[PDB]
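Letter by letter, the chains look like this.
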Amino acid sequence: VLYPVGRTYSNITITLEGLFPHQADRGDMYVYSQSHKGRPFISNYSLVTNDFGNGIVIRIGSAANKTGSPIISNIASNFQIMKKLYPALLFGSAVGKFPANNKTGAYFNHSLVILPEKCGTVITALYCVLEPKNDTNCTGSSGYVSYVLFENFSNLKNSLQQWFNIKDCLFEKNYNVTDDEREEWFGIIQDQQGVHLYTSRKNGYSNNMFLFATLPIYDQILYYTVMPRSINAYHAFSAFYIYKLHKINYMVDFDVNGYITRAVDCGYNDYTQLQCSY
Amino acid sequence: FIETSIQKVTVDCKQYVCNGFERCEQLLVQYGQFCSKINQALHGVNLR
Amino acid sequence: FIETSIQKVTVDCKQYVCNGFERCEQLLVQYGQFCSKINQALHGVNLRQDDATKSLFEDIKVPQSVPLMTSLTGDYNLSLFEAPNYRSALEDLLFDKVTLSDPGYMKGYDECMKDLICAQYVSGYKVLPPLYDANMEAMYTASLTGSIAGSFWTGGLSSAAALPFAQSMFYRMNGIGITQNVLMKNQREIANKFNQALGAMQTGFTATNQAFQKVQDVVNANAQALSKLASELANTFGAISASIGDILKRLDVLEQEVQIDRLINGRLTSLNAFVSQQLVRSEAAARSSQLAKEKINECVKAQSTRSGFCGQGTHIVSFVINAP
Amino acid sequence: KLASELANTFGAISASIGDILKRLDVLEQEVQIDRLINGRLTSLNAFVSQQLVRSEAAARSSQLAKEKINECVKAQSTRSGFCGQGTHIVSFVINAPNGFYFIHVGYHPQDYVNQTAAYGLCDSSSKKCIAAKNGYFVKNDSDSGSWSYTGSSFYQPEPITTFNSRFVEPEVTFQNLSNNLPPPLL
Amino acid sequence: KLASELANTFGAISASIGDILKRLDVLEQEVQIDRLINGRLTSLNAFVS
Amino acid sequence: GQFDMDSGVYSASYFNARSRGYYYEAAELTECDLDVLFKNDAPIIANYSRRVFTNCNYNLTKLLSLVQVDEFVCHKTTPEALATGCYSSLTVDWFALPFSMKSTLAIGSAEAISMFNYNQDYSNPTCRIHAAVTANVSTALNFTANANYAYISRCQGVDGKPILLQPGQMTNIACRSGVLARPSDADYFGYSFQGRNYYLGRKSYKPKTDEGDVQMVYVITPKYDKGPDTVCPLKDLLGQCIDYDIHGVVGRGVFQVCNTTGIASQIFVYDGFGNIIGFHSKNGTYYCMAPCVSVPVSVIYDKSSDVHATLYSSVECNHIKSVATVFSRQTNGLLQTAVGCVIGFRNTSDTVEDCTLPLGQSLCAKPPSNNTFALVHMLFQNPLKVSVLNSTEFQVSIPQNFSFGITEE
Ligand SMILES: *[C@@H]1O[C@H](CO)[C@@H](O[C@@H]2O[C@H](CO)[C@@H](O[C@@H]3O[C@H](CO)[C@@H](O)[C@H](O)[C@@H]3O)[C@H](O)[C@H]2NC(C)=O)[C@H](O)[C@H]1NC(C)=O
Ligand SMILES: *[C@@H]1O[C@H](CO)[C@@H](O[C@@H]2O[C@H](CO)[C@@H](O[C@@H]3O[C@H](CO)[C@@H](O)[C@H](O)[C@@H]3O)[C@H](O)[C@H]2NC(C)=O)[C@H](O)[C@H]1NC(C)=O
Ligand SMILES: Nc1nc(=O)c2nc(CNc3ccc(C(=O)N[C@@H](CCC(=O)O)C(=O)O)cc3)cnc2[nH]1
Ligand SMILES: *[C@@H]1O[C@H](CO)[C@@H](O[C@@H]2O[C@H](CO)[C@@H](O)[C@H](O)[C@H]2NC(C)=O)[C@H](O)[C@H]1NC(C)=O
Ligand SMILES: CCCCC/C=C\C/C=C\CCCCCCCC(=O)O
Ligand SMILES: *[C@@H]1O[C@H](CO)[C@@H](O)[C@H](O)[C@H]1NC(C)=O
Ligand SMILES: *[C@@H]1O[C@H](CO)[C@@H](O)[C@H](O)[C@H]1NC(C)=O
Ligand SMILES: *[C@@H]1O[C@H](CO)[C@@H](O)[C@H](O)[C@H]1NC(C)=O
Ligand SMILES: *[C@@H]1O[C@H](CO)[C@@H](O)[C@H](O)[C@H]1NC(C)=O
Ligand SMILES: *[C@@H]1O[C@H](CO)[C@@H](O)[C@H](O)[C@H]1NC(C)=O
Ligand SMILES: *[C@@H]1O[C@H](CO)[C@@H](O)[C@H](O)[C@H]1NC(C)=O
Ligand SMILES: *[C@@H]1O[C@H](CO)[C@@H](O)[C@H](O)[C@H]1NC(C)=O
Ligand SMILES: *[C@@H]1O[C@H](CO)[C@@H](O)[C@H](O)[C@H]1NC(C)=O
Ligand SMILES: *[C@@H]1O[C@H](CO)[C@@H](O)[C@H](O)[C@H]1NC(C)=O
Ligand SMILES: *[C@@H]1O[C@H](CO)[C@@H](O)[C@H](O)[C@H]1NC(C)=O
Ligand SMILES: *[C@@H]1O[C@H](CO)[C@@H](O)[C@H](O)[C@H]1NC(C)=O
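Its PDB header names cryo-EM as the technique used to obtain the model and reports a resolution of 3.0 Å.

Per the PDB entry, chain E is named Spike glycoprotein,Fibritin, and its organism is Betacoronavirus Erinaceus/VMC/DEU/2012. Per the header of the deposited record, the title is "Cryo-EM structure of EU-HedgehogCoV (Erinaceus/VMC/DEU/2012) S-trimer in a locked-2 conformation".

As annotated in the PDB entry, chain C carries the name Spike glycoprotein,Fibritin and is attributed to Betacoronavirus Erinaceus/VMC/DEU/2012.

Right under this line is the structure:
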């Protein structure tokens, strides 16, 4: 649930209107894996392009401190505690295929690349164009399969530049976050006033979603992908789920500190419709 | 003859006012909050 | 429960429609002369309610009452109707168990300075005090309760008698149709049944009791009427804003005329709906007041010889309790 | 109200159709005549709703008038409060400009005196037990065993006869007289 | 009477929302739908009274 | 509305509190550069430019001194408001278009400009400004119009169904790039954009005049949202109804030192009706707000004595002083009463059972005939007591005299 912008409430029930997701919507699941043999181990994520629509919201982490399966090792003796990873996101307007190999996810023209740089302490929203680099067995060749933002274990822009060309670059914005192992929410919308980002690392210790970083991007985002990410070596990491926002009515309630504790889908069944009716 | 009971009628205010048009529904919720009061009063008379 | 009095509300039409803005006041006096008619009608309603309250409390008045009847009984326990204020214990129970907010009088405005109680001084309406204090109504009810000792008997309200409650109940049941032998045989079982019936009556103020829910629904209907009056100042009625000040800040004079005109039309419609609802509730209150007079003079001041009146079964004795 | 509400402009430039037709163009005339039409239709609807409410009130009062004529006027009422204050004696009807005007004559006492009474009287020897009808058995002022009959609505000590007492089944709460029995018990 | 007030234009070009959305621009659509809304709410309030 | 009135406890008009002071906060917002409108080359209608301004101030006298406005079209605002009032955010869409074709930007137009190049959004307040930058101002600045100006007359897929432009969105990049790539006018020409074919149209125009004046169109979208209003033009006490302007939000209300509620980051705390019930400020203190309320006034008048009294309903008389300047030009006789304290009345212990001027809870107003009323209580006439005898006898109260009482209805 996105927090109302510019204002707050306390112990009031309001029927807000905006971009809200459906109740019991099983969002798309994405996991990042460790290196298998000294080479990146990734999924089908880079060659599939989803629909942005009205915006997406991401349940970040939400599975830490549990027993996790390394994707390269299903044996329960190799199972370990999940860690927290931040995804690499790529938003654009025109999508085709790279010319040399015919692989999808080319992302022509300007594009918003959201990268969790450093050791998960800065998130970078840089807005520019990715062109293939004429290098052997890489983006724009005959022996290319996918691109990985490959990292070590304790800047992904250098890996991105190892797989793409950074030109015509309009802004590069950095936002400071702390390294934690917690549930977080991340959300992106686009309106006439630009691209608005939402996060849960604002104010005191809640799952709410406050606006920050109004980016000056005015061309309509139509597609998004999850750029695959791997960490060189057994280890296990959490998952993130992506849910789609819709133009629906939605009834929420606040508390003493001004946080939304409970909401109503207003259209999931007949009872929520009646609750909105009264 | 003694008329001891009324005809109990329930009217869906949003459907009656706007006939399922989304632009009309936006204009009606910008107009005010009337349909909930209509439903409450018209359910209270039926309960009575 | 019989709802004998409506909520008396006076609304200042100028403050409600225009909220002190002089441009709105000029547009409203160009619109018509609605406010004087609203004030006159809504004052006539309150005057009629006050007259109905006096006419109701003349019937409760008795020429003689026995102040020691409720305490000097036999095996009957009538402590729920003793005057110890003159408010009885059952009146206290009934007024405590109903979720009624305190109408501030004497110091309501001061408390609002530093809901629907504090919404009066910001919207434009005011809930008037009732014609009698609760204490004086308690005196009337206690005097009526003390007068039922011999009111049903051969003295037809021209004279008074001082029978104890046991003898009065004995005469009531006999005339009902139970022979005197049966009544004399059972002088303890009948009192025990009456006492346990009054005990279950005392405990029975729950959400299952129909009459207590009628009291709660009347209070809720009054609160809903006040909330409906107060919440229609936030409606735009098709304008850019529900506030006159934002319209005066943003728009030019010719468009300000249209926006203030549609706001004025919506608020006058709200006032007219409130006045018509008060008229309908006044007619309902008049009917219920006539029924209250009939039931007092038939059930409380006498014993009903007619079926279906004064409750189910066959009527023995009745008591009356003030409600909110 | 119905007559004077026609003078309202209702936000128009004038409250008259002719002035609007003379001054403004056709497109503006539509708007001004439309708001005047809306105001006057609202006035007619308000009048019809008021007429309906007063019609229900008049139906209730007509039922009350029928009940009060058939109880107060054609007969003498025994139910107090109804048919006026006090105990009803006689009532009359007078026509009124919009209804009827009733005049109820009622017995209103002025003075009161407290008296002692008995539920009934019995004779020790014969257990014959009498009870008063439409009155009480009050004690005499010059003896402790002499009982007199009095009316319910007036005070006058009278001798106890057969015509103002009824024979009833004996009760333990009756006075057991021994000497100076009244003629019904003698 | 409740059913027959859905055919009233109340001064608009048509009694149907679809015709108004098909013919007029957005700013006139607001005015016509507003007067239709006002008429239909008046009918509902009259029915409840 | 009459001059011969009758007796009764009427209800008078409310009297509203005035202003007892002024409060101002602005958070010291810097001037945002509106010179980017006149910095680079004038944009093409197809490739038009958009900027969003937040947390800034602007000097409008300097901005309107650089252009000559030919015609402005505003909806739900006026240019006077945008030079006086504050709002949440500002959006400026500017492009070069001559005045000979300004009817294409009019609402309802069937030209290709509205459906392929610029579709204006009317869900939020807007002003479309057709202005002309003169040649002398153009040389004073670096403002030029040397680009090849053309619009899109056709943006059609291989389906052949036109791709219309949604309101408040920039032009589709395929048709934009295809139109701006072609150097010559063509109504129908093919274009392959990154693997997909498009059939497009190009029609040219010239915004420059013979004098060298560049004719411009500015679309201004002031957004009025809840909360702080951080875009303001450059313009030159506890428990009291005072005027305020915390973050460009102007109004009146009563300020209290109050316990903190809500989130301190979001400045304004709202109710369920869009009313500000409090705000957070600098130095960490919280004030909760309420509109300044009005004293309810009732008038007691008697026709026989021609004496009027004034009841201030349910007010404690201490508080009258603070709002003592809001009543009529005559308003002392101070007296507390259970129905609210009143002026013009003497406190008496007399009780009358039937009164024609009831003040409320068992209270009356006795006529003078002095020159003032008397506060008298309603009388409960006690009935005659009858005592229960604890023996087989019982007490009766029998009348000794009577009178024929007439009641009429
Ligand atoms: C995995 O375990 C870590 C460490 O236990 C969890 O981080 C902890 O999350 C809790 C959330 O309740 C934090 O508690 C908070 O504490 C503040 C006071 O500092 C209090 O005001 C809040 O109401 C809340 O209770 C706790 O601080 C935090 N630990 C650290 C070191 O930051 C994490 O949530 C776990 N993740 C999962 C998915 O279970
Ligand atoms: C918005 O911008 C305009 C500029 O276009 C500002 O007008 C300028 O105001 C200053 C200050 O009053 C003027 O300076 C004065 O100049 C005289 C000599 O001419 C000098 O004697 C004074 O001491 C002072 O320095 C300046 O001339 C004037 N320029 C123009 C073109 O009007 C205006 O003040 C700005 N608005 C705001 C609210 O700041
Ligand atoms: N490498 C790795 N990555 C993972 O993400 C991972 N996740 C799990 C376990 N993940 C999950 C996810 C959902 C539910 C689940 O049952 N969901 C609840 C949600 C209930 C609610 O909506 O509140 C359900 O039953 O629907 C359980 C385990 C185990 N090993 C892993 N290993
Ligand atoms: C539409 O206009 C924008 C703004 O002028 C152009 O973006 C500029 O492009 C040049 C050349 O690539 C860069 O040197 C500038 O830095 C860009 N400026 C901005 C603000 O982005 C854009 O190229 C134009 N589109 C077309 C198709 O010509
Ligand atoms: C040659 C035009 C006049 C003759 C039209 C004759 C028949 C067409 C009938 C209706 C279509 C009229 C739309 C014209 C749009 C002009 C306004 C504009 O969008 O700029
Ligand atoms: C929160 O609001 C409720 C209203 O239902 C109220 O009862 C409660 O006291 C409020 N909490 C606080 C801390 O004031
Ligand atoms: C993998 O991605 C490709 C996209 O090229 C898609 O066609 C295929 O169905 C995907 N397979 C799975 C198992 O997701
Ligand atoms: C890509 O597709 C084209 C045409 O479909 C084909 O000629 C080319 O060989 C393909 N490339 C690869 C790597 O298969
Ligand atoms: C998108 O890219 C193509 C080629 O890479 C270019 O011709 C076109 O101008 C670009 N579009 C925009 C809007 O910059
Ligand atoms: C990981 O660290 C090693 C040792 O410094 C370095 O050679 C390698 O390039 C690093 N890889 C990444 C992905 O950072
Ligand atoms: C963000 O953190 C870095 C430390 O890596 C620091 O140098 C920088 O000043 C911080 N920026 C802000 C805006 O706090
Ligand atoms: C990954 O880790 C292994 C193990 O030390 C190392 O040999 C290899 O060079 C690393 N690769 C990268 C790219 O860091
Ligand atoms: C009478 O009833 C009241 C209330 O139930 C109780 O407190 C009291 O003890 C009872 N008295 C007798 C004598 O039973
Ligand atoms: C009237 O009351 C007084 C006082 O209680 C009593 O002494 C007197 O006997 C009573 N009158 C009669 C006739 O009993
Ligand atoms: C009267 O006599 C009867 C016995 O026949 C007795 O039961 C009753 O108690 C007596 N009542 C009196 C003494 O008044
Ligand atoms: C008015 O007089 C009565 C009786 O003398 C007294 O009880 C009351 O307190 C007085 N009012 C005030 C405000 O003192």
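Once you've had a look at it, read on.
As a structural note, the neighbourhood of ligand 9 is formed by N109(A), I173(F), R176(F), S177(F) and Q194(F). Mapping the residues near ligand 9 onto chains gives chains A and F. One of the side-chain N or O atoms of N109(A) is found 2.3 Å from an oxygen atom in ligand 9. The fraction of the free accessible surface of ligand 9 (360 Å²) that becomes covered by protein chains is 48%. Sorting elements by how many residues they give to the shell around ligand 9 places helix α5 (residues 173-181) of chain F first, with 3 residues.

Turning to the interface of chain C and chain F, a few remarks are in order. By a frequent convention, interface size equals the accessible area lost on bringing the separate parts together. Listed per partner, the contact involves 50 residues of chain C and 53 residues of chain F. Summed over both partners, the interface of chain C with chain F comes to about 4,600 Å²; 63% of that surface belongs to carbon and sulfur atoms. By the criterion of area lost to chain F, the three top residues of chain C are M106(C), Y109(C) and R250(C), representing 17% of everything that side buries. Here chain C and chain F share 0 salt bridges between them. Those elements that place two or more of their residues in the side of chain C that touches chain F are α3 (34-60), β2 (64-65), α5 (108-113), α6 (120-123), β3 (125-127), α7 (134-146), β4 (160-161) and α12 (244-250) of chain C. Residues that form the side of chain C that touches chain F fall into these classes: 26 nonpolar, 14 polar and 10 charged. Relative to strand β24 (residues 384-385) of chain F, β2(C) is paired through 2 bridges, and the arrangement is parallel. Paired with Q64(C) across the two strands is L384(F), which belongs to β24(F).

All names here are of chain A. Taken together, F150, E151 and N152 are the residues near ligand 10. In this structure, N152 approaches ligand 10 through a side-chain N or O atom, which is 2.4 Å from an oxygen atom. Contact with the protein chains covers 27% of the free accessible surface of ligand 10, which is 360 Å².

Now for the pattern of salt bridges. In the structure shown here, the tally under the stated rule is 21 salt bridges over all chains. Between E257(C) and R23(C) there is a salt bridge whose closest N-O contact spans 3.2 Å. When the shortest N-O distance is used, the salt bridge between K68(D) and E409(F) registers 3.5 Å. Taken as a pair, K68(D) in helix α2 (residues 26-73) and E409(F) in the segment after β26 (402-408) lie in two separate chains rather than in one. Residue classification places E409(F) among the partly exposed residues on the basis of a relative accessible area of 38%.

Here the focus is the sheet that holds strand β5 (residues 50-51) of chain A. All names here are of chain A. Ordered in space as β5-β19-β9-β10-β11-β15, the 6 strands form an open sheet in which the pairing is antiparallel. Both edges of this open sheet fall to β5 and β15 (172-176), since each of them pairs with a single strand only. Strand direction decides the pairing type here: β5 and strand β19 (residues 223-227), joined by 2 bridges, are antiparallel. Bridging across to β19, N50 finds its partner in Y224. Of the strands in this sheet, β10 (108-117), β11 (122-127), β15 and β19 touch helix α1 (residues 156-163), which is tilted by about 145° from β10.

Right, let's get into α2(D). The terminal C-alpha atoms of α2(D) lie 67 Å apart, and with 48 residues this matches the ideal 70 Å at 1.5 Å per residue to within 8%. Those residues of α2(D) that fall on the buried side of the exposure criterion are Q29(D), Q32(D), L36(D), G39(D), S43(D), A57(D), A65(D), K68(D) and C72(D). Next to the buried residues of α2(D) lie α13 (253-300) of chain C together with α1 (17-23), β1 (87-95) and β2 (100-109) of chain D.

Strand order across the open sheet formed by 6 strands is β1(A)-β14(F)-β15(F)-β16(F)-β13(F)-β12(F), with mixed pairing between neighbours. Every other strand in the sheet has two partners, leaving β1 (7-8) of chain A together with β12 (241-245) of chain F as the edge strands with one partner each. Examined bridge by bridge, strand β13 (residues 250-257) of chain F and strand β16 (residues 286-290) of chain F share 4 bridges and lie antiparallel to one another. What sits directly across from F255(F), in β16(F), is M289(F).

Here the focus is the arrangement of the chains. Summarising the chain contacts, 10 pairs of chains touch, and the pair with the most contacts is chains C and F. With respect to C-alpha atoms, chain A approaches chain D no nearer than 28 Å, and the pair has no contact. These two, chain B and chain D, are apart from each other, with no contact and a minimum C-alpha gap of 13 Å.

Tallied over the full model, the rule gives 18 disulfides over all chains. One disulfide bridge connects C128(A) with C169(A), the sulfur atoms lying 2.1 Å from each other. Between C128(A) and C169(A), the S-S dihedral sits near -70°, and the bridge is therefore left-handed. According to the relative accessible area criterion, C128(A) is buried, its value standing at 1%. Two residues share a disulfide in this structure: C241(F) and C292(F), whose sulfurs sit 2.0 Å from each other. In this pair, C241(F) sits in strand β12 while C292(F) sits in the loop between β16 and β17 (297-302), placing the two residues 51 residues apart along the sequence. Each of the two residues, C241(F) as well as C292(F), counts as buried.

Ranked by size, the top nonpolar core spans 64 residues in total, and within it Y76(C), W153(C), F165(C), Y171(C) and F394(F) carry the most contacts. Examining the composition of this core, we find that 5 residues originate from one element, helix α8 (residues 165-176) of chain C, more than from any other. Apart from residues no more than four positions distant in its own chain, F394(F) is found in contact with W153(C), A161(C), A162(C), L163(C), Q115(D), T116(D), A117(D), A118(D), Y119(D) and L389(F). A94(A), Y58(F), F193(F) and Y218(F) belong to the second largest nonpolar core, which has 62 residues in total.

With that settled, consider the side chain of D245(F). Residues and elements named next belong to chain F. Counting through the fold element by element, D245 comes out in strand β12. A distance of 2.6 Å separates a polar atom in the side chain of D245 from a polar atom in the side chain of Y22. Setting aside residues up to four positions removed in sequence, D245 forms contacts with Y22, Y23, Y24, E25 and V250.

All names here are of chain D. Relative to the helices and strands, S16 resides in the segment before α1. In the structure, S16 is positioned 105 residues away from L121 in sequence and 89 Å away in space, judged by C-alpha atoms. From its side chain, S16 meets the backbone nitrogen of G18 in a polar contact 3.4 Å long.

Summed over the entire model, instances satisfying the criterion amount to 59 aromatic pairs over all chains. Between the aromatic rings of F38(F) and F143(F), the centroid separation amounts to 6.2 Å while the plane-to-plane angle is 75°, which identifies the pairing as edge-to-face. With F38(F) in the loop between β1 (8-11) and β2 (49-53) and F143(F) in the loop between α4 (135-140) and β7 (150-156), this residue pair connects regions lying 105 residues apart in the sequence. When its relative accessible area of 7% is taken as the criterion, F38(F) is described as buried. With relative accessibility at 0%, the residue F143(F) sits in the buried group. Among the aromatic residues, those joined into a ring-pair cluster are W153(C), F170(C), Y171(C), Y119(D), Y136(D) and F394(F). Lying over the aromatic face of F309(C), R306(C) brings its terminal NZ or CZ to 4.9 Å of the ring centre.

The next subject is unusual backbone geometry. Positive phi, normally seen in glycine, also occurs at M106(C), with a value near 70°. Structurally, the position occupied by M106(C) is in the loop between α4 (89-97) and α5. Positioned with a positive phi, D306(F) is a non-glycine residue whose angle comes to about 55°. Secondary-structure assignment places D306(F) in the loop between β17 and β18 (307-312).

So, about the packing of α3(C) against α13(C). All names here are of chain C. It is at 10 Å that the axes of α3 and α13 come closest, and there the two elements cross at 10°. In terms of orientation, α3 and α13 fall into the roughly parallel class. Counted by class, the contact of α3 with α13 contains 16 nonpolar, 7 polar and 4 charged residues.

Conventions and cut-offs
Residues numbered from 1 in each chain as written, not as in the entry; some residues may be left out. Chains lettered and ligands numbered in written order. Part of a larger assembly, values for the part shown. Heavy atoms only, no water. Near = heavy atom within 4 Å. Polar contact = N/O pair within 3.5 Å; in protein donor to acceptor, adjacent residues only side chain to side chain. Areas by Shrake-Rupley, 256 points an atom, 1.4 Å probe, with all protein chains shown as cover. Helix = DSSP H or I, 4+ residues; strand = E, 2+ residues; numbered from the N terminus. Contact = heavy atoms within 4.5 Å. Buried area = accessible area lost by both parts, 1.4 Å probe. Salt bridge = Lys/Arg side-chain N within 4 Å of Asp/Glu carboxyl O. Nonpolar A, V, L, I, M, F, W, Y, C, P; charged D, E, K, R; others polar. Pairing = 2+ DSSP bridges. Buried < 20%, exposed > 50% of the residue type's maximum accessible area, 1.4 Å probe, protein only. Axes fitted to C-alpha atoms, helices over the stretch in contact; angles between N-to-C directions. Expected span 1.5 Å × (residues − 1). Disulfide = S-S within 2.5 Å. Core = buried A, V, L, I, M, F, W, Y, C linked by side-chain atoms within 4.5 Å. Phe/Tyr/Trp six-rings, centres within 6.5 Å; stacked < 30°, edge-to-face > 60°. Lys NZ or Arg CZ within 6 Å of the ring centre and 35° of its normal. Parallel < 35°, antiparallel > 145°, perpendicular 65-115°, else oblique.

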